[PDB]
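Structure first, then comments.
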Amino acid sequence: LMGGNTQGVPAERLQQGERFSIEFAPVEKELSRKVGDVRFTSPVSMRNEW
Amino acid sequence: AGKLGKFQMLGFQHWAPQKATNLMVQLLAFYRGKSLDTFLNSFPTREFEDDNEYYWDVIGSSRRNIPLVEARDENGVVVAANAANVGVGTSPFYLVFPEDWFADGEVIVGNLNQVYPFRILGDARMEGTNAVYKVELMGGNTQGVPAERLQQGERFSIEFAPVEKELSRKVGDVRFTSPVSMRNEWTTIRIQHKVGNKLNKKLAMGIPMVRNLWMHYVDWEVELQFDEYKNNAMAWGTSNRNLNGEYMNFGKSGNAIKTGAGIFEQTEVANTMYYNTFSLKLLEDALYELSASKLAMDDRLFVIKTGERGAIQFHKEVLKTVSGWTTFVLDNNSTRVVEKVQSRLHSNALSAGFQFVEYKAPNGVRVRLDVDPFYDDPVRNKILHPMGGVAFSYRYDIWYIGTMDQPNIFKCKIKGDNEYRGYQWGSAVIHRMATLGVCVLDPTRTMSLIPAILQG
Amino acid sequence: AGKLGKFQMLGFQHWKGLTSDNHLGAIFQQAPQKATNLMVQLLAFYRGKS
Amino acid sequence: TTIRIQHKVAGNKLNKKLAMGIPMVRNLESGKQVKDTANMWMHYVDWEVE
Amino acid sequence: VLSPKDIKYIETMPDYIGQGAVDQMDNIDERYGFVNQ
Amino acid sequence: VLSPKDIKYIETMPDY
Amino acid sequence: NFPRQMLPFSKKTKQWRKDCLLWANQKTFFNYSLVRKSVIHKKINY
Amino acid sequence: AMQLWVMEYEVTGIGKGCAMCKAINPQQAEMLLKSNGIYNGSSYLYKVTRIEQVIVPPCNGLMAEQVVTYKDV
């Protein structure tokens, strides 16, 4: 946990079905190393005949 | 009210004749990503010299009244809540305050000003830090002050310091005050991607539900999804520090990952209420009491920023408030919910439709409304609301309370180019890095009504 | 009374009447003046560079 | 005789200005410390590497 | 010979060539990361 | 046509 | 988006001219051209 | 991703409902409704009363029927 949590998340907030979203990737100011990645998407085709 | 699913997004790990167009179709049966760029650029910027933490001056106010701690009779026994009248016949009694604030010969008054005025007979006798003034009444009062007006928590202000017209000696004194200060912090962000032009392993296809069911530009997607890193760090970021100044999270190289709070964790330290059902009994009486103590009568304009479905929750709730106004009869002559639209089908052809976009409260408070399109985010806001939407559209945000002559919200910035880029040919990794930070100076000038399902 | 943020160092302070030097020193309005032209270089015969 | 030297610094020290509480000095080759008025940190590192 | 009705048609023509990534209601464009090849 | 702030951008920016 | 060009000169303000230039920064040089080759195809020839 | 499941449920105190999922077993059918439904923040209000599979060989027949009356409200 990141945002100052000294109590922890509730167990109800860690069940099956809960959607998760990427925010960002922080590092420190000194001697930092590589974090993060980049996502893509792909197209599907439709069709017609004469 | 029910949803029917019109698309499904699947990862690629779970899966040429001629074309009818050379431009790729983008269906309305597909949710789309949203930039926070219209929201973030509505605020100005500010340039700093370096990545040191920065502070500024905070100025308050001066007019004080001292709460009472206890009251004693002339023998030292503390007055109780059920005691008799104190100081009867202008007999002296003591008045114990937590500070040395009033002086000799000064007239001070309780919660009931000018009805029971107390004249202080001498300097403050220190009891540790307490200040005990031997006082007596100054109103010709023969029966004294009641015991309920001499209890803990009663405000005491100063009035004057009167003397007799001849041979008198010196009375009264004067008081001084001081200001405070506040700091803020920074945050740095880093990204990478192991790469030319082609996709890599994090792929997701979108298949639409119809009835009888290229080449990537990597140099644009890394900039776009690092723009979204600096748009989520500026706006939706959080702080991880103690009240002892210690950080709680450590990175890969031992050093502590330093983060500062974004917009929405700095503006939610004040004027934030969590409601379960929106009502104009709640919003009007919270916007008035903010404007009764802080805003002049001409300067009481509040531009509610909300989502899309938060506009129809404000429409159908003012309409609930307006329909209970049994005094006034609302006609189509003035409001014109049905007007004359020229049509081929009839000579006198009509129309219908309206929406309450504003509400005006008493004492000059006007509650406007506008729609910010980033509240309807299907990616980030995932907890749904039964009346349609993503339950973040039902959040009302009041920015810009009053006038300041300086911006209250801005985005801090290092002079020049604080963004970094770097390629690592072995493996071919493009590294990018940037620092940022958003300062909200006075978070008392930002008000938010968040639905109760987005808390705790 | 209270704080504008998580990190606010000072509280509003007040006094009455006779102001002394610690009344002006504790409200951070008294600082020592840096003697700029006064500078002590330590006396030694330096046998580096020889 | 073949000799070698090396210094490692963090990456954030590129433009790191020094708010000089005490005056920042350079070691002379003679053994003396000389007071300097420059405010960037890498001016003082690159003195000492040579 | 073009009327102001006809200039408004040339102006308000559908143009991917003359529009930007993020549209009016803050929706992103995904075709700006694709190449035809 | 360059304002002094612009010469400051063309300045503080790197030469790196 | 690229703004309306069909305006009077009073309404071609300073923010209108910036919106014309911020639009051109969003162009990514891989757009359709009828009588030119692609930039990858010219760079290979040089 | 194997079978289809139609559900008759009743949100507690709010109304009644009719839903349809695609899961492997009916316990995951109530998962995909309690977390993707319109009462995401009040998932404890979902009370699922009947789950039956969408079986094919008739392919002409009702699967859910849940009417809200003026005397229930």
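Here's how to read the names in the structure tokens: chain A, B, ... by the order shown, residue numbers from 1 in each chain, ligand numbers from 1 in the order shown.
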
Range 40-47 of chain A: which residues within 10 Å, counting only C-alpha atoms, same-chain residues fewer than 2 positions away excluded, as a ChimeraX atom specification? /A:38,49 /B:9-12,19-20,24-26,198-208,213-218,221-222,225 /E:30,33-34

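A straight line drawn from CA of residue 352 in chain B to CA of residue 304 in chain B is 26.1 Å long.
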
List as a PDB file with N, CA and C atoms, in the first residue's frame the protein and nucleic acid residues near range 1-16 of chain D, meaning an atom at most 12 Å away when only C-alpha atoms are counted, but skip any in the same chain fewer than 6 places from it.
```
ATOM      1  N   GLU A  28      11.794   7.511  -6.903  1.00  0.00           N
ATOM      2  CA  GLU A  28      12.422   8.486  -6.036  1.00  0.00           C
ATOM      3  C   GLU A  28      13.323   9.410  -6.854  1.00  0.00           C
ATOM      4  N   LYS A  29      13.958  10.360  -6.168  1.00  0.00           N
ATOM      5  CA  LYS A  29      14.770  11.373  -6.833  1.00  0.00           C
ATOM      6  C   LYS A  29      16.186  10.902  -7.130  1.00  0.00           C
ATOM      7  N   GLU A  30      16.639   9.828  -6.489  1.00  0.00           N
ATOM      8  CA  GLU A  30      18.038   9.428  -6.489  1.00  0.00           C
ATOM      9  C   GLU A  30      18.156   7.967  -6.874  1.00  0.00           C
ATOM     10  N   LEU A  31      18.996   7.686  -7.876  1.00  0.00           N
ATOM     11  CA  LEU A  31      19.446   6.332  -8.214  1.00  0.00           C
ATOM     12  C   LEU A  31      18.283   5.428  -8.633  1.00  0.00           C
ATOM     13  N   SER A  32      17.267   6.003  -9.271  1.00  0.00           N
ATOM     14  CA  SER A  32      16.047   5.278  -9.602  1.00  0.00           C
ATOM     15  C   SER A  32      16.282   4.303 -10.749  1.00  0.00           C
ATOM     16  N   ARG A  33      15.387   3.323 -10.863  1.00  0.00           N
ATOM     17  CA  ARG A  33      15.489   2.295 -11.891  1.00  0.00           C
ATOM     18  C   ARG A  33      14.189   2.230 -12.681  1.00  0.00           C
TER      19      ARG A  33
ATOM     20  N   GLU B  49      12.672  27.261  -9.416  1.00  0.00           N
ATOM     21  CA  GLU B  49      14.086  27.186  -9.770  1.00  0.00           C
ATOM     22  C   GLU B  49      14.612  25.757  -9.704  1.00  0.00           C
ATOM     23  N   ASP B  50      14.113  24.957  -8.768  1.00  0.00           N
ATOM     24  CA  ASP B  50      14.693  23.646  -8.513  1.00  0.00           C
ATOM     25  C   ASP B  50      13.635  22.744  -7.896  1.00  0.00           C
ATOM     26  N   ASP B  51      14.051  21.529  -7.554  1.00  0.00           N
ATOM     27  CA  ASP B  51      13.178  20.502  -6.993  1.00  0.00           C
ATOM     28  C   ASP B  51      13.256  20.469  -5.475  1.00  0.00           C
ATOM     29  N   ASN B  52      13.443  21.621  -4.845  1.00  0.00           N
ATOM     30  CA  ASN B  52      13.323  21.725  -3.401  1.00  0.00           C
ATOM     31  C   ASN B  52      11.869  21.960  -3.021  1.00  0.00           C
ATOM     32  N   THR B 188       8.200  12.619  -8.774  1.00  0.00           N
ATOM     33  CA  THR B 188       8.761  12.265 -10.073  1.00  0.00           C
ATOM     34  C   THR B 188       8.184  10.946 -10.575  1.00  0.00           C
ATOM     35  N   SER B 253      16.249   1.195  -5.012  1.00  0.00           N
ATOM     36  CA  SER B 253      17.620   1.498  -4.627  1.00  0.00           C
ATOM     37  C   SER B 253      17.739   1.985  -3.191  1.00  0.00           C
ATOM     38  N   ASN B 255      16.300   4.265  -1.497  1.00  0.00           N
ATOM     39  CA  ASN B 255      15.805   5.598  -1.217  1.00  0.00           C
ATOM     40  C   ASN B 255      14.282   5.594  -1.166  1.00  0.00           C
ATOM     41  N   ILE B 414       9.324  23.001 -13.286  1.00  0.00           N
ATOM     42  CA  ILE B 414      10.730  23.375 -13.286  1.00  0.00           C
ATOM     43  C   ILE B 414      10.964  24.201 -14.544  1.00  0.00           C
ATOM     44  N   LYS B 415      11.861  25.188 -14.471  1.00  0.00           N
ATOM     45  CA  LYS B 415      12.137  26.038 -15.624  1.00  0.00           C
ATOM     46  C   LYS B 415      12.743  25.239 -16.782  1.00  0.00           C
ATOM     47  N   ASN B 418      11.749  19.724 -17.860  1.00  0.00           N
ATOM     48  CA  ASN B 418      11.882  18.780 -16.760  1.00  0.00           C
ATOM     49  C   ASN B 418      11.557  17.351 -17.176  1.00  0.00           C
ATOM     50  N   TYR B 420      12.515  13.890 -19.316  1.00  0.00           N
ATOM     51  CA  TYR B 420      13.700  13.178 -19.753  1.00  0.00           C
ATOM     52  C   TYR B 420      13.303  12.064 -20.708  1.00  0.00           C
ATOM     53  N   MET B 433      11.188  10.028 -18.176  1.00  0.00           N
ATOM     54  CA  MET B 433      11.081  10.434 -16.776  1.00  0.00           C
ATOM     55  C   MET B 433      10.675  11.901 -16.695  1.00  0.00           C
ATOM     56  N   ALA B 434       9.875  12.261 -15.684  1.00  0.00           N
ATOM     57  CA  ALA B 434       9.440  13.645 -15.513  1.00  0.00           C
ATOM     58  C   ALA B 434       9.067  13.922 -14.065  1.00  0.00           C
ATOM     59  N   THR B 435       9.277  15.166 -13.634  1.00  0.00           N
ATOM     60  CA  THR B 435       8.854  15.628 -12.317  1.00  0.00           C
ATOM     61  C   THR B 435       7.726  16.646 -12.454  1.00  0.00           C
TER      62      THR B 435
ATOM     63  N   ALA D  38      30.549  29.945  -5.779  1.00  0.00           N
ATOM     64  CA  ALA D  38      29.705  29.248  -6.735  1.00  0.00           C
ATOM     65  C   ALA D  38      28.650  28.427  -6.009  1.00  0.00           C
ATOM     66  N   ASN D  39      27.500  28.264  -6.661  1.00  0.00           N
ATOM     67  CA  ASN D  39      26.335  27.680  -6.022  1.00  0.00           C
ATOM     68  C   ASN D  39      25.931  26.328  -6.587  1.00  0.00           C
ATOM     69  N   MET D  40      26.488  25.901  -7.714  1.00  0.00           N
ATOM     70  CA  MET D  40      26.130  24.609  -8.281  1.00  0.00           C
ATOM     71  C   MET D  40      27.067  23.540  -7.745  1.00  0.00           C
ATOM     72  N   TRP D  41      26.515  22.350  -7.505  1.00  0.00           N
ATOM     73  CA  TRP D  41      27.257  21.336  -6.764  1.00  0.00           C
ATOM     74  C   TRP D  41      28.318  20.657  -7.616  1.00  0.00           C
ATOM     75  N   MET D  42      28.056  20.463  -8.908  1.00  0.00           N
ATOM     76  CA  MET D  42      29.009  19.751  -9.749  1.00  0.00           C
ATOM     77  C   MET D  42      30.241  20.584 -10.084  1.00  0.00           C
ATOM     78  N   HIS D  43      30.233  21.879  -9.777  1.00  0.00           N
ATOM     79  CA  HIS D  43      31.454  22.670  -9.862  1.00  0.00           C
ATOM     80  C   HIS D  43      32.452  22.257  -8.789  1.00  0.00           C
ATOM     81  N   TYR D  44      31.965  21.780  -7.643  1.00  0.00           N
ATOM     82  CA  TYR D  44      32.830  21.406  -6.532  1.00  0.00           C
ATOM     83  C   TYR D  44      33.280  19.958  -6.596  1.00  0.00           C
ATOM     84  N   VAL D  45      32.470  19.080  -7.188  1.00  0.00           N
ATOM     85  CA  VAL D  45      32.892  17.698  -7.402  1.00  0.00           C
ATOM     86  C   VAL D  45      34.030  17.646  -8.405  1.00  0.00           C
ATOM     87  N   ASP D  46      33.845  18.293  -9.560  1.00  0.00           N
ATOM     88  CA  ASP D  46      34.813  18.235 -10.647  1.00  0.00           C
ATOM     89  C   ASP D  46      36.114  18.952 -10.317  1.00  0.00           C
ATOM     90  N   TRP D  47      36.120  19.807  -9.299  1.00  0.00           N
ATOM     91  CA  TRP D  47      37.378  20.302  -8.761  1.00  0.00           C
ATOM     92  C   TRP D  47      38.155  19.178  -8.095  1.00  0.00           C
ATOM     93  N   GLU D  48      37.475  18.381  -7.271  1.00  0.00           N
ATOM     94  CA  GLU D  48      38.141  17.396  -6.430  1.00  0.00           C
ATOM     95  C   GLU D  48      38.537  16.135  -7.178  1.00  0.00           C
ATOM     96  N   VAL D  49      37.926  15.857  -8.332  1.00  0.00           N
ATOM     97  CA  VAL D  49      38.316  14.679  -9.100  1.00  0.00           C
ATOM     98  C   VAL D  49      39.684  14.889  -9.734  1.00  0.00           C
ATOM     99  N   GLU D  50      39.956  16.102 -10.222  1.00  0.00           N
ATOM    100  CA  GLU D  50      41.273  16.388 -10.785  1.00  0.00           C
ATOM    101  C   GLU D  50      42.322  16.524  -9.690  1.00  0.00           C
TER     102      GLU D  50
ATOM    103  N   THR F  12      16.851  29.322 -20.399  1.00  0.00           N
ATOM    104  CA  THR F  12      16.861  28.414 -19.241  1.00  0.00           C
ATOM    105  C   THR F  12      16.787  26.999 -19.754  1.00  0.00           C
ATOM    106  N   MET F  13      16.061  26.772 -20.856  1.00  0.00           N
ATOM    107  CA  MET F  13      16.031  25.431 -21.513  1.00  0.00           C
ATOM    108  C   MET F  13      17.488  24.965 -21.707  1.00  0.00           C
ATOM    109  N   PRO F  14      17.819  23.661 -21.805  1.00  0.00           N
ATOM    110  CA  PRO F  14      19.189  23.177 -21.714  1.00  0.00           C
ATOM    111  C   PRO F  14      20.537  23.409 -22.422  1.00  0.00           C
ATOM    112  N   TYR F  16      22.046  21.133 -23.812  1.00  0.00           N
ATOM    113  CA  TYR F  16      22.602  19.963 -23.083  1.00  0.00           C
ATOM    114  C   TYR F  16      22.976  18.800 -23.999  1.00  0.00           C
TER     115      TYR F  16
END
```

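Residues surrounding residue 15 in chain C within 8 Å are residues 100, 101, 175, 176 and 177 of chain B [only C-alpha atoms; sequence separation below 3 positions excluded].
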
If we count only C-alpha atoms, which residues of chain D reach to within 10 Å of chain C? Please list them as a PyMOL selection string. chain D and resi 28-35

Store the residues of this selection in a file with N, CA and C atoms, as a JSON list (two decimals), in the first residue's frame.
```
[["chain", "number", "residue", "atom", "x", "y", "z"],
["D", 28, "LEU", "N", 42.17, 23.27, -1.57],
["D", 28, "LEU", "CA", 43.25, 23.60, -2.47],
["D", 28, "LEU", "C", 44.20, 22.41, -2.60],
["D", 29, "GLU", "N", 45.04, 22.46, -3.63],
["D", 29, "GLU", "CA", 46.09, 21.46, -3.77],
["D", 29, "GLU", "C", 47.18, 21.64, -2.72],
["D", 30, "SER", "N", 47.29, 22.83, -2.14],
["D", 30, "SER", "CA", 48.28, 23.12, -1.12],
["D", 30, "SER", "C", 47.89, 22.60, 0.25],
["D", 31, "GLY", "N", 46.68, 22.06, 0.40],
["D", 31, "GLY", "CA", 46.17, 21.63, 1.68],
["D", 31, "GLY", "C", 45.16, 22.58, 2.29],
["D", 32, "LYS", "N", 45.15, 23.83, 1.85],
["D", 32, "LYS", "CA", 44.25, 24.85, 2.36],
["D", 32, "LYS", "C", 42.84, 24.60, 1.86],
["D", 33, "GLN", "N", 41.87, 25.11, 2.60],
["D", 33, "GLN", "CA", 40.50, 25.25, 2.12],
["D", 33, "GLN", "C", 40.28, 26.71, 1.74],
["D", 34, "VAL", "N", 39.77, 26.93, 0.53],
["D", 34, "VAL", "CA", 39.48, 28.27, 0.05],
["D", 34, "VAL", "C", 37.97, 28.43, -0.07],
["D", 35, "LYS", "N", 37.45, 29.55, 0.42],
["D", 35, "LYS", "CA", 36.02, 29.80, 0.31],
["D", 35, "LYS", "C", 35.66, 30.13, -1.13]]
```

Counting only C-alpha atoms, which residues in chain A sit no more than 6 Å from chain B? For each one, give the nearest pair of atoms and the distance in Å, sorted by chain then residue number, as CSV.
```
residue,atom,partner,partner_atom,distance
A:3,CA,B:240,CA,4.9
A:4,CA,B:240,CA,4.5
A:21,CA,B:380,CA,5.9
A:23,CA,B:232,CA,5.8
A:24,CA,B:229,CA,4.6
A:25,CA,B:189,CA,5.7
A:26,CA,B:189,CA,4.4
A:27,CA,B:257,CA,5.5
A:28,CA,B:257,CA,4.3
A:35,CA,B:191,CA,5.6
A:36,CA,B:191,CA,4.7
A:37,CA,B:193,CA,5.2
A:39,CA,B:202,CA,5.1
A:40,CA,B:203,CA,4.9
A:41,CA,B:204,CA,4.8
A:42,CA,B:205,CA,4.8
```

Output N, CA, C and O atoms for every residue in that selection, as an mmCIF file, in the first residue's frame.
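Generated output (out_23.cif):
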```cif
data_model
loop_
_atom_site.group_PDB
_atom_site.id
_atom_site.type_symbol
_atom_site.label_atom_id
_atom_site.label_comp_id
_atom_site.auth_asym_id
_atom_site.auth_seq_id
_atom_site.Cartn_x
_atom_site.Cartn_y
_atom_site.Cartn_z
ATOM 1 N N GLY A 3 -0.529 5.111 -0.171
ATOM 2 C CA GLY A 3 -0.925 6.436 0.274
ATOM 3 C C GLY A 3 -1.033 6.669 1.768
ATOM 4 O O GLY A 3 -1.989 7.297 2.229
ATOM 5 N N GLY A 4 -0.058 6.191 2.531
ATOM 6 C CA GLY A 4 -0.037 6.416 3.960
ATOM 7 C C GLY A 4 -0.876 5.464 4.777
ATOM 8 O O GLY A 4 -1.218 5.790 5.920
ATOM 9 N N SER A 21 -7.435 -0.239 -12.027
ATOM 10 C CA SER A 21 -7.023 0.696 -13.066
ATOM 11 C C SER A 21 -5.634 1.240 -12.777
ATOM 12 O O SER A 21 -5.288 1.504 -11.622
ATOM 13 N N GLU A 23 -2.777 3.923 -12.510
ATOM 14 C CA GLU A 23 -2.693 5.367 -12.340
ATOM 15 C C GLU A 23 -1.425 5.955 -12.952
ATOM 16 O O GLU A 23 -1.501 6.685 -13.946
ATOM 17 N N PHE A 24 -0.265 5.581 -12.414
ATOM 18 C CA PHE A 24 1.034 6.132 -12.803
ATOM 19 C C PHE A 24 2.116 5.277 -12.154
ATOM 20 O O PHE A 24 1.827 4.278 -11.492
ATOM 21 N N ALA A 25 3.372 5.686 -12.336
ATOM 22 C CA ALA A 25 4.517 4.910 -11.861
ATOM 23 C C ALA A 25 5.558 5.822 -11.233
ATOM 24 O O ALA A 25 6.456 6.323 -11.919
ATOM 25 N N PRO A 26 5.492 6.030 -9.920
ATOM 26 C CA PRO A 26 6.434 6.939 -9.266
ATOM 27 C C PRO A 26 7.748 6.266 -8.913
ATOM 28 O O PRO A 26 7.834 5.056 -8.699
ATOM 29 N N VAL A 27 8.790 7.090 -8.871
ATOM 30 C CA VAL A 27 10.107 6.695 -8.422
ATOM 31 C C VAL A 27 10.589 7.724 -7.409
ATOM 32 O O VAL A 27 9.884 8.675 -7.078
ATOM 33 N N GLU A 28 11.794 7.511 -6.903
ATOM 34 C CA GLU A 28 12.422 8.486 -6.036
ATOM 35 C C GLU A 28 13.323 9.410 -6.854
ATOM 36 O O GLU A 28 13.452 9.281 -8.073
ATOM 37 N N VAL A 35 10.680 1.480 -14.286
ATOM 38 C CA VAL A 35 9.351 1.033 -13.882
ATOM 39 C C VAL A 35 8.379 1.353 -15.013
ATOM 40 O O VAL A 35 8.677 2.144 -15.909
ATOM 41 N N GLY A 36 7.203 0.723 -14.973
ATOM 42 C CA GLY A 36 6.127 1.040 -15.891
ATOM 43 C C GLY A 36 6.213 0.294 -17.212
ATOM 44 O O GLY A 36 7.201 -0.371 -17.528
ATOM 45 N N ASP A 37 5.144 0.421 -18.004
ATOM 46 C CA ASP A 37 5.045 -0.209 -19.319
ATOM 47 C C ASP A 37 3.964 0.524 -20.117
ATOM 48 O O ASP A 37 3.328 1.456 -19.620
ATOM 49 N N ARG A 39 0.681 -0.050 -23.042
ATOM 50 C CA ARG A 39 -0.319 -0.977 -23.552
ATOM 51 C C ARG A 39 -0.882 -0.511 -24.889
ATOM 52 O O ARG A 39 -0.852 0.675 -25.221
ATOM 53 N N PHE A 40 -1.426 -1.462 -25.646
ATOM 54 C CA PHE A 40 -1.855 -1.232 -27.019
ATOM 55 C C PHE A 40 -3.232 -1.852 -27.245
ATOM 56 O O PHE A 40 -3.838 -2.405 -26.326
ATOM 57 N N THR A 41 -3.732 -1.753 -28.479
ATOM 58 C CA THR A 41 -5.031 -2.321 -28.828
ATOM 59 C C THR A 41 -5.056 -2.707 -30.304
ATOM 60 O O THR A 41 -4.267 -2.211 -31.109
ATOM 61 N N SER A 42 -5.987 -3.604 -30.651
ATOM 62 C CA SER A 42 -6.034 -4.235 -31.967
ATOM 63 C C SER A 42 -7.428 -4.165 -32.577
ATOM 64 O O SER A 42 -8.429 -4.300 -31.863
#
```

Within 10 Å of chain B, which residues of chain C show up when using only C-alpha atoms, listed as a ChimeraX atom specification? /C:3-19,27-28

Output file for the residues above (N, CA, C and O atoms, as a CSV table (one decimal), in the first residue's frame):
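Output (part09.csv):
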```csv
chain,number,residue,atom,x,y,z
C,3,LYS,N,-4.8,23.3,11.1
C,3,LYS,CA,-3.7,23.4,10.1
C,3,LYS,C,-4.3,23.5,8.7
C,3,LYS,O,-5.4,22.9,8.4
C,4,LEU,N,-3.7,24.2,7.8
C,4,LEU,CA,-4.1,24.3,6.4
C,4,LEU,C,-3.7,23.1,5.6
C,4,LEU,O,-4.3,22.9,4.5
C,5,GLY,N,-2.7,22.4,6.0
C,5,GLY,CA,-2.3,21.2,5.3
C,5,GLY,C,-1.7,20.2,6.3
C,5,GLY,O,-1.7,20.5,7.5
C,6,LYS,N,-1.3,19.1,5.8
C,6,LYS,CA,-0.6,18.1,6.7
C,6,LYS,C,0.7,18.7,7.2
C,6,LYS,O,1.1,18.3,8.4
C,7,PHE,N,1.4,19.5,6.5
C,7,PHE,CA,2.7,20.1,6.8
C,7,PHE,C,2.5,21.6,7.0
C,7,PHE,O,2.6,22.4,6.0
C,8,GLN,N,2.2,22.0,8.2
C,8,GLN,CA,2.2,23.4,8.6
C,8,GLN,C,3.0,23.5,9.9
C,8,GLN,O,2.7,22.9,10.9
C,9,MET,N,4.0,24.4,9.9
C,9,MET,CA,5.0,24.4,10.9
C,9,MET,C,4.5,25.2,12.1
C,9,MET,O,4.6,24.8,13.3
C,10,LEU,N,4.0,26.4,11.9
C,10,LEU,CA,3.7,27.4,12.9
C,10,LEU,C,2.3,27.4,13.3
C,10,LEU,O,1.4,27.1,12.5
C,11,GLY,N,2.0,27.9,14.5
C,11,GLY,CA,0.7,28.3,15.0
C,11,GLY,C,0.7,29.8,15.2
C,11,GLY,O,1.7,30.4,15.4
C,12,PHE,N,-0.5,30.3,15.1
C,12,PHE,CA,-0.7,31.7,15.4
C,12,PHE,C,-0.5,32.0,16.9
C,12,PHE,O,-1.0,31.4,17.7
C,13,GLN,N,0.4,33.0,17.1
C,13,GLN,CA,0.8,33.4,18.4
C,13,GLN,C,0.5,34.8,18.8
C,13,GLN,O,0.3,35.7,17.9
C,14,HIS,N,0.3,35.1,20.1
C,14,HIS,CA,-0.2,36.4,20.5
C,14,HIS,C,0.4,36.7,21.9
C,14,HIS,O,0.7,35.7,22.7
C,15,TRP,N,0.5,37.9,22.2
C,15,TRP,CA,0.8,38.3,23.6
C,15,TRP,C,0.2,39.7,23.8
C,15,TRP,O,-0.5,40.3,23.0
C,16,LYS,N,0.4,40.2,25.1
C,16,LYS,CA,-0.2,41.4,25.5
C,16,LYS,C,0.8,42.3,26.2
C,16,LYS,O,1.6,41.7,27.0
C,17,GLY,N,0.9,43.5,25.9
C,17,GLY,CA,1.6,44.5,26.8
C,17,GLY,C,3.1,44.6,26.5
C,17,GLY,O,3.5,44.9,25.4
C,18,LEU,N,3.9,44.3,27.5
C,18,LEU,CA,5.3,44.6,27.5
C,18,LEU,C,6.0,43.6,26.6
C,18,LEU,O,6.0,42.4,27.0
C,19,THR,N,6.6,44.1,25.5
C,19,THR,CA,7.3,43.2,24.6
C,19,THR,C,8.8,43.3,24.9
C,19,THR,O,9.4,44.4,24.9
C,27,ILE,N,9.1,35.0,18.1
C,27,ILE,CA,8.2,35.2,16.9
C,27,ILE,C,9.1,35.4,15.6
C,27,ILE,O,8.6,35.9,14.6
C,28,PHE,N,10.3,35.0,15.7
C,28,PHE,CA,11.3,34.8,14.6
C,28,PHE,C,11.6,36.1,13.9
C,28,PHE,O,11.9,36.2,12.7
```

Those in range 1-70 of chain H with strand (DSSP E or B) from DSSP, as an NGL selection string: :H and (3-11 or 17-23 or 46-53)

Could you tell me how far CA of residue 378 in chain B lies from CA of residue 279 in chain B, in Å and to one decimal?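 Interatomic distance, CA of residue 378 in chain B to CA of residue 279 in chain B: 26.0 Å.
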
Do me a favour and pick out the residues of chain E within 7 Å of chain G, using only C-alpha atoms, as a ChimeraX atom specification. /E:11,18-20,23,35

Produce a file of the selected residues containing N, CA, C and O atoms, as a tab-separated table (two decimals), in the first residue's frame.
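Saved file part_0.tsv follows:
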```tsv
chain	number	residue	atom	x	y	z
E	11	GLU	N	-16.79	24.45	-45.37
E	11	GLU	CA	-16.26	24.60	-44.02
E	11	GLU	C	-16.61	23.39	-43.16
E	11	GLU	O	-15.72	22.65	-42.72
E	18	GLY	N	-8.43	17.38	-40.80
E	18	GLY	CA	-8.48	18.69	-40.19
E	18	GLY	C	-9.14	18.67	-38.83
E	18	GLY	O	-9.86	19.60	-38.47
E	19	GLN	N	-8.91	17.60	-38.07
E	19	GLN	CA	-9.42	17.50	-36.72
E	19	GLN	C	-8.34	16.91	-35.83
E	19	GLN	O	-7.38	16.30	-36.30
E	20	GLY	N	-8.52	17.09	-34.52
E	20	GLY	CA	-7.51	16.74	-33.55
E	20	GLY	C	-7.90	15.52	-32.76
E	20	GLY	O	-9.05	15.08	-32.80
E	23	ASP	N	-11.43	15.00	-28.78
E	23	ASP	CA	-12.57	15.69	-29.35
E	23	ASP	C	-13.22	16.57	-28.29
E	23	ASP	O	-12.64	16.85	-27.24
E	35	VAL	N	-0.67	3.19	-37.89
E	35	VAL	CA	-0.10	3.47	-39.19
E	35	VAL	C	-0.82	2.57	-40.18
E	35	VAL	O	-1.21	1.45	-39.83
```

Chain A contacts on chain H, only C-alpha atoms, 8 Å, as JSON, numbers by chain: {"H": [31, 32, 35, 36]}
